[PDB]
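Q: Generate coordinates for the sequence data below:
(chains A, B and C)
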Amino acid sequence: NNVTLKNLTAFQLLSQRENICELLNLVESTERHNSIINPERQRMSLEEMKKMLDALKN
Amino acid sequence: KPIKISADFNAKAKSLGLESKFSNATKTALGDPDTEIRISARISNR
Amino acid sequence: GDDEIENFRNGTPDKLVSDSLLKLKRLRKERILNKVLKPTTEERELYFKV
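A: Numbering: from 1, shown residues only, chains lettered A, B, ... in the order given. Here you go:
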């Protein structure tokens, strides 16, 4: 916790610039997308549903 | 791509200008309990 | 000694005054730090050379 006016105003600018500098295609953020979709959590979770759905049939 | 963003927060700020604005207080050079001794010695010498 | 002779013969004495004034400022910043007084003999000799 312990947020202040400076810590908040400098967070709004960081969020606005992360988006603006991405519209101009100046930012490469592949080491952040390789934490959601690209990791095996997209496949291994499906490999857990593929067995929980079958365990739920008996 | 001249800008590289990582999962952490410090490097994300460092890439942009805000890098040093997430500190509660700006760094100092005269708060060192040694620098003040040297300055006081020079003043006492004068 | 020999420095002022070789220099004043080959010309360019400013290359010696400037270098000694730098060896005075550096040896003075190394004197205010770890505070001591009574400038060392090397600083006095360089001041005499300049």
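Q: could you pull out the strands for chain B?
A: Along chain B, counting by DSSP state E, strands occupy B:3-4.
Q: Residue of chain A closest to chain B, please.
A: Of all residues in chain A, residue A:28 sits closest to chain B, at 3.8 Å by CB to the nearest CB. All C-beta atoms are positioned from the backbone trio N, CA, C, and that covers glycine.
Q: Show the end-to-end separation of stretch C:33-45, please.
A: Using CA to CA, to the nearest Å, the end-to-end distance of stretch C:33-45 comes to 21 Å.
Q: So which bits of chain C are right by chain B?
A: Selection of chain C residues close to chain B by CB under 8 Å from any CB of the partner chain yields C:32, C:33, C:35, C:37.
Q: where do the strands sit along chain A?
A: Secondary structure of chain A (DSSP E): strands located at A:27-28.
Q: Excluding its own residues, what touches the longest helix along chain C? List them.
A: Identified as the longest helix of chain C according to DSSP state H is helix C:14-32. With CB atoms under 8 Å, 6 or more residues apart in numbering or on different chains as the test, helix C:14-32 has contacts from B:38, B:42, C:3-4, C:7, C:39-40, C:42-43, C:46-47, C:49-50.
Q: and chain A, which residues reach chain B?
A: Residues of chain A lying near chain B (CB under 8 Å from any CB): A:4, A:6-7, A:10, A:13-14, A:17-18, A:21, A:26-29, A:31-32, A:35.
Q: so who does the closest residue to chain C within chain A touch?
A: Nearest residue of chain A to chain C: residue A:6, at 34.7 Å (CB to the nearest CB). Residues near residue A:6 by CB under 8 Å, 6+ apart: residue B:21.
Q: just the residues of chain C next to chain B now: which is nearest chain B?
A: When those are compared against chain B (criterion: CB to the nearest CB), the nearest one is residue C:35, at 4.7 Å.
Q: Am I right that that closest one is in contact with residue B:41?
A: Yes - if you go by CB atoms under 8 Å, residue C:35 and residue B:41 touch, sitting 4.7 Å apart.
Q: The residue nearest to residue C:42 when sequence neighbours are not counted: neighbour count?
A: Spatial nearest neighbour of residue C:42, excluding adjacent residues (CB to CB, 6 or more residues apart in numbering or on different chains): residue C:27 at 6.8 Å. Residue C:27 has 14 neighbouring residues, counting by other CB atoms under 10 Å in any protein chain shown.
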